[PDB]
Each structure stands twice: as C-alpha cells, then as structure tokens.
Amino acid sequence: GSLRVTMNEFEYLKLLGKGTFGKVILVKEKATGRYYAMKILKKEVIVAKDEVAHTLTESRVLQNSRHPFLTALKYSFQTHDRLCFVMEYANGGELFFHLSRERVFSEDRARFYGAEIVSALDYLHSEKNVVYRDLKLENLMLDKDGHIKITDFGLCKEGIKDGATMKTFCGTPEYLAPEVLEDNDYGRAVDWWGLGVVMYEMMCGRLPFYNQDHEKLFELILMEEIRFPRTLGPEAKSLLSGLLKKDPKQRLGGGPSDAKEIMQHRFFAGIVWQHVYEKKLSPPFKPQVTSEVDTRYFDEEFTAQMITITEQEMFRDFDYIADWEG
C-alpha cells in the first residue's frame, strides 16, 4: 500500500507566517521525528480569489523540480477544506530578516548568494523550460547551513524553450522588469533583471528603484541609470548595470547562451559552476540555530501567537509523496 499523508501524522509546533490564504506552521512528522514547514491553504480563499491557476502551477513546478537551491516539496495532500504543502524546513529564515539587520552584505556574501540563485535559475530555464518571474528578496530563504532556498513557484511560466515569449502581467511592482512594464511579449531574461534587483539590495542596502507612488517608481525602472556606493567595486557595478539594462536583448543573460552570459562575467571570476551546484562553496554565514524548533530567524509577530485551527476535481494532480528521505 502507497504511503498516505494526512494532517494527524504531524505535530503543530510554531506559527511562522499567517495571512488571507492561510498559514505556515513548523511541524514534526510523528513517525520519523523530522521537521517541515507546512503551508496550509484554505480551499475557499484560493477558489474565491482566482488563485487556483497559481496554486496548481506551484504544485506542478514543486513536483517536477529538484535543485539544491529550490525549495523542495516532501508531501502535498488535501482535506475537503484544506491544501497542504509539506515543505523542506529552511531554519535560516528569510534572507530579508538577515539583510534588514545587517543593512548590507559584503561583495563576497552577495557573490555566494547570487551564484546559488544563478545555479537555480539556469536549471529552471535550461532543464525545465520554466521562467520563474517572481525573483525578489521576499522569496529567498536560508537553509540550516546558510545556503539559499528560492520559494514561491506560483508565478512560474512552464513550456518556455529557447527565445519563447510570455504575456502575463505579474510580479512585485518594485521588482518588475522594464519589458514587463512596457507590456511587450517578454522572455526568460526577466529572471536576470530579478537577479540584478536582489544583488543590488544585497551589496547596496536599498532597492535600485523606489517611490511610494507606482507611476513614478516605473519611470525610474524605465529610465534612471542606477546610482551606486563609493565602497562598491567596479566588477559589482558592471554586474548590476549589466543585469539592470532596460533592454532584455542588451541585458546580461538576455542572449542565447542565457545564464552562461552571467556565469562568465568578471564579478564571478574564479567560481567553478559545477561546485556552486555541489554546495562545495562554504557559506559566508552559518545560521546559529540550536535545534529545529529554534525560530530565532523568524518573525516574533507569528512565533509568539498560539496555534488555533480556523470544487474537488480542480485540485486533481495536487497530491504528492517524494521519493527521497529526510
């Protein structure tokens, strides 16, 4: 008999996040003593907000992908009223928690993270024919060793081989690529724009383009030549200007060699790309967690809270059990 996963096979320990569509809880599988982050989604709030397409895209990408820097789905199962994603638990918390406190990262620290993101995106593009589209600091986490985890696969576009184009208008206003705003028919190069915004935020301490009014913010993305700090070297200014070229064709990685264009840039000199993949590169920060229940790198606004528990043909191919252990 096939391994069946249900809610009662988990101990519900800590609230990590909570919102409109549901909540994230730190869980332990009773049978194995292993810890996971269960994302519980209210079937009604997904159905009501027209997020079914996104949820299923997330489940499909999660089932079909395996990379060290992509968050891994252990189990996905459902009740009459709930959608459950049993995710690999990232003990290092959100990268925003870490950058919000350090203000800036060293060139060497952003180098290490950017190379891991490059590895993951090269894989989605070259191997899986998937365009990620939602690369922002908000979707980056750290595992227990200090390696990057990219999360949130709902905004993915599948079946994109070669110079293939997309039409959807999605992403976080602040991270949206020029081509996306110009409402064109954009390609895989939107992920490299994303890489530039995140690495700028990393090495600089602020977004390259910001204004509270959406109209004005867009104009900066569309026109402003990126400002830089005096402490930042030239290689990093090149990479940033490179990924932040307004024209996807001009942009570093916008060419037919895709990620190879970025991997060869001077900022990445000396790195062995097969080693980036292999976690052979030593992390610049080691999360200082004492146990898996140590939620020091998580928001107290959720952790301190007490956990309280709050059509069918649509979520057909949702269920999953991974073939891997742990």
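In this text, residue numbers run from 1 along the sequence as written.
- Missing deposited residues between residue 310 and residue 311: 10 or more, all without coordinates in the entry.
- Higher mean CA temperature factor, per the PDB entry, when comparing 238 to 246 with 144 to 152: 238 to 246.
- Averaged over their C-alpha atoms, the temperature factors of 20 to 28 and 311 to 319 are higher for 311 to 319.
- Sorting 66, 49, 60, 39 by the CA temperature factor given in the entry leaves 49 at the top.
- The residue among 114, 229, 92, 205 whose C-alpha carries the highest B-factor in the deposited model is 229.
- In the PDB entry, residue 279 places in the highest third of its chain by CA B-factor.
- Remark: residue 286 belongs to the lowest third of its chain, ranked by C-alpha B-factor as recorded.
- Placement of the Cα temperature factor of residue 170 within the chain: highest third of the modelled residues, per the deposited record.
- In this PDB entry, the Cα temperature factor of residue 136 sits in the bottom third of its chain's modelled residues, the lowest group.
- Residue 123: CA B factor lies in the lowest third for its chain, per the PDB record.
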